[PDB]
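Participant: So the sequence shown is residues 1 to 308, counted in this note's numbering.
Think of the CB as a built atom: it goes at the ideal place given N, C-alpha and C, for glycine as much as any other residue.
This structure is in structure tokens; I'll ask about it shortly.
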Amino acid sequence: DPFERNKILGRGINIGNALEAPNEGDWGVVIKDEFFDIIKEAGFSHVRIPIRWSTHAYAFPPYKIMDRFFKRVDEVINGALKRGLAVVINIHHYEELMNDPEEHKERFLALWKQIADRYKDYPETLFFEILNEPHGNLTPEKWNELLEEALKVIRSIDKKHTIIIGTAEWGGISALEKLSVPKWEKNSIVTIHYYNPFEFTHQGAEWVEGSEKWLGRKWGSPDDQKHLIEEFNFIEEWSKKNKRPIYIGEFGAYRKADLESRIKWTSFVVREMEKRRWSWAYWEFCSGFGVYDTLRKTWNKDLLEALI
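Next up, the structure:
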């Protein structure tokens, strides 16, 4: 029952800027084993672990994932399971697939065959998220086809774990109505990344074109709140119609946004997601959108309380 699995997922946090960089640590974070005790003790039910498998697998058939990297992923997953956290793993930043999905179709499917074979006997609290933020040449219609192919590969090996399926056009609400999850698959959760208003949450983000023009944007008025509720009502109505649970797998505001607005946006979004019984994972633990300082070993108390 994917709705039970959604409840098991509950509130989580992303440990980003870590295994989805080209090399772990390049973007500032190495996943320390103690982070699992910190996160479980703070009250989170799961962790989401972005993983750039595509740079750790050969480019020629059978596209084998490299041994040292597989062993590292196993260490992270088992570290989190040891504390009783559920775990979401994914394929993140596979840019070549987005730019030429025809060329990379078989390689993507070989990564899932290998990941599902590796983890098929791991606990039911491990979740498989097919592909982070499909976009570009992997259009909404091509993603519907590719995600069904990935479901077939995974289900040919594992009928136990819940699979998490995102939306196209960068994984937000834009293309939700275009998403089709096949009727034959009955143990999947649909995931959305919620960063609206984008101009507020990504103001000043260095990798985002023209984001400097948003610096200083505030959030917190009654109209800001109503607008966000309308979008959440749209996602909830889609969930009810399509009978699929919802996981907001990333949400957060960048550190350049003023702190009061960040607290107000984060707290409101969590209260509203919880009223709808959605699972969710904050973006992210300890870096640019972070809520925990790894040097001082302290949480931002107001943002932690916003998350709970």
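Drop a sphere of 10 angstroms on the beta-carbon of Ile-229, count the other beta-carbons inside from all chains shown, and report buried for 16 or more, exposed for fewer.
Facilitator: By the neighbour-count rule (16 or more Cβ atoms within 10 Å), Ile-229 is not buried but exposed.
Participant: What residues are listed by DSSP as bridge partners for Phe-60?
Facilitator: DSSP lists no partner for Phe-60.
Participant: Tell me, please, whether the region 192-206 touches the region 161-174 by the rule of three or more beta-carbon pairs shorter than 8 Å.
Facilitator: These segments touch.
Participant: Find the nearest neighbour of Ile-163 within the set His-93, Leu-295 and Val-181, judged by alpha-carbon distance.
Facilitator: Per the Cα distances, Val-181.
Participant: For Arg-244, does the count of other Cβ atoms within 10 angstroms reach 16, so buried, or fall short, so exposed?
Facilitator: When all chains shown are included, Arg-244 counts as buried.
Participant: Select from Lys-113, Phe-285, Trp-184 and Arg-296 the residue whose C-alpha is nearest the C-alpha of residue 367.
Facilitator: Missing from the structure shown is residue 367; the chain here goes from 1 to 308 and no further.
Participant: Can the beta-carbon of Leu-81 be found closer than 8 Å to that of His-46?
Facilitator: For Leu-81 and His-46, no; Cβs fall outside 8 Å.
Participant: Enumerate in chain order the residues of its own chain whose CB-to-CB distance from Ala-57 is below 7 Å, with the five nearest sequence positions on each side excluded.
Facilitator: Within the same chain, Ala-57 has close Cβ partners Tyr-63, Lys-64, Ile-65, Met-66 and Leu-111.
Participant: Mind checking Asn-23: buried by the 16 CB within 10 Å criterion, or exposed?
Facilitator: Exposed: under 16 other Cβ atoms inside 10 Å.
Participant: Got a sec: is the Cβ-Cβ distance from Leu-179 to anything in chain D below 8 Å?
Facilitator: Going by chain labels, chain D is absent from the structure shown, which holds only one protein chain.
Participant: Within the continuous beta strand (DSSP E) that includes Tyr-247, where are the two ends?
Facilitator: Segment 246-251, the beta strand (DSSP E) holding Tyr-247.
Participant: Leaving aside the five residues before and after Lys-218 along the sequence, list all residues of the same chain whose C-beta is less than 6 Å from its C-beta, in chain order.
Facilitator: Within the same chain, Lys-218 has close Cβ partners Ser-261.
Participant: I'd like the list of long-range same chain contacts for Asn-187, defined as Cβ closer than 6 Å, with 5 residues on each side in sequence excluded.
Facilitator: Result list for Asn-187: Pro-2 and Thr-162, in chain order.
Participant: Counting along the chain, where does the beta strand (DSSP E) carrying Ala-175 start and finish?
Facilitator: Segment: none, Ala-175 is in no beta strand (DSSP E) and carries neither H nor E.
Participant: Give me the Cα-Cα distance between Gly-28 and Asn-17, rounded to the nearest whole angstrom.
Facilitator: Looking at the two C-alpha atoms, the distance is approximately 6 Å.
Participant: Please name the residue or residues paired with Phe-128 in a DSSP beta bridge.
Facilitator: Paired residue(s): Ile-89 and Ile-163.
Participant: Give me the residue from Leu-109, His-104, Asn-144 and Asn-90 with the minimum Cα distance to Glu-129.
Facilitator: Closest option to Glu-129, Cα to Cα, is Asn-90.
Participant: Counting only runs of 3+ residues fully inside the region 219-280, write out the beta strand (DSSP E) ranges in chain order.
Facilitator: Within the region 219-280, the complete beta strand (DSSP E) runs of at least 3 residues are 246-251.
Participant: How would you label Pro-101, buried or exposed, when you count the other beta carbons within 10 angstroms and need 16 or more for buried?
Facilitator: That one is buried.
Participant: Quick check on DSSP: helix, strand or coil for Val-73?
Facilitator: Looking at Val-73 - three-state DSSP - the assignment turns out to be helix.
Participant: Looking at the structure shown, is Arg-296 part of a helix, part of a strand, or coil, going by DSSP?
Facilitator: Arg-296: coil per DSSP, three-state reduction.
Participant: Under the rule that 16 or more other beta-carbon atoms within 10 Å means buried, what is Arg-271, buried or exposed?
Facilitator: Exposed: under 16 other Cβ atoms inside 10 Å.
Participant: Could you spell out the range, first to last residue, of the alpha helix (DSSP H) harbouring residue 365?
Facilitator: Since the first residue of the chain shown is 1 and the last is 308, residue 365 is not available in this structure.
Participant: Rounded to whole angstroms, what's the CA-CA distance from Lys-178 to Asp-121? Just pull it up for me.
Facilitator: Approximately 33 Å between the Cα atoms of the pair.
Participant: Please tell me whether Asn-132 and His-104 are closer than 8 Å, where the distance is taken between their beta carbons.
Facilitator: Result no, Cβ atoms of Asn-132 and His-104 do not sit closer than 8 Å.
Participant: Candidates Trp-214, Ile-165, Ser-267 and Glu-95: which alpha carbon is nearest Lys-256's?
Facilitator: Nearest C-alpha to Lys-256: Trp-214.
Participant: Taking DSSP's pairing of strands, which residues face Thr-139 in a bridge?
Facilitator: Bridge partners of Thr-139: none, in fact.
Participant: Can you tell me the Cα-Cα spacing of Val-153 and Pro-140, whole angstroms?
Facilitator: Near 20 Å, if we compare the C-alpha coordinates of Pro-140 and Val-153.
Participant: So what does DSSP say about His-104, is it helix, strand or coil?
Facilitator: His-104 falls in the helix class under three-state DSSP.
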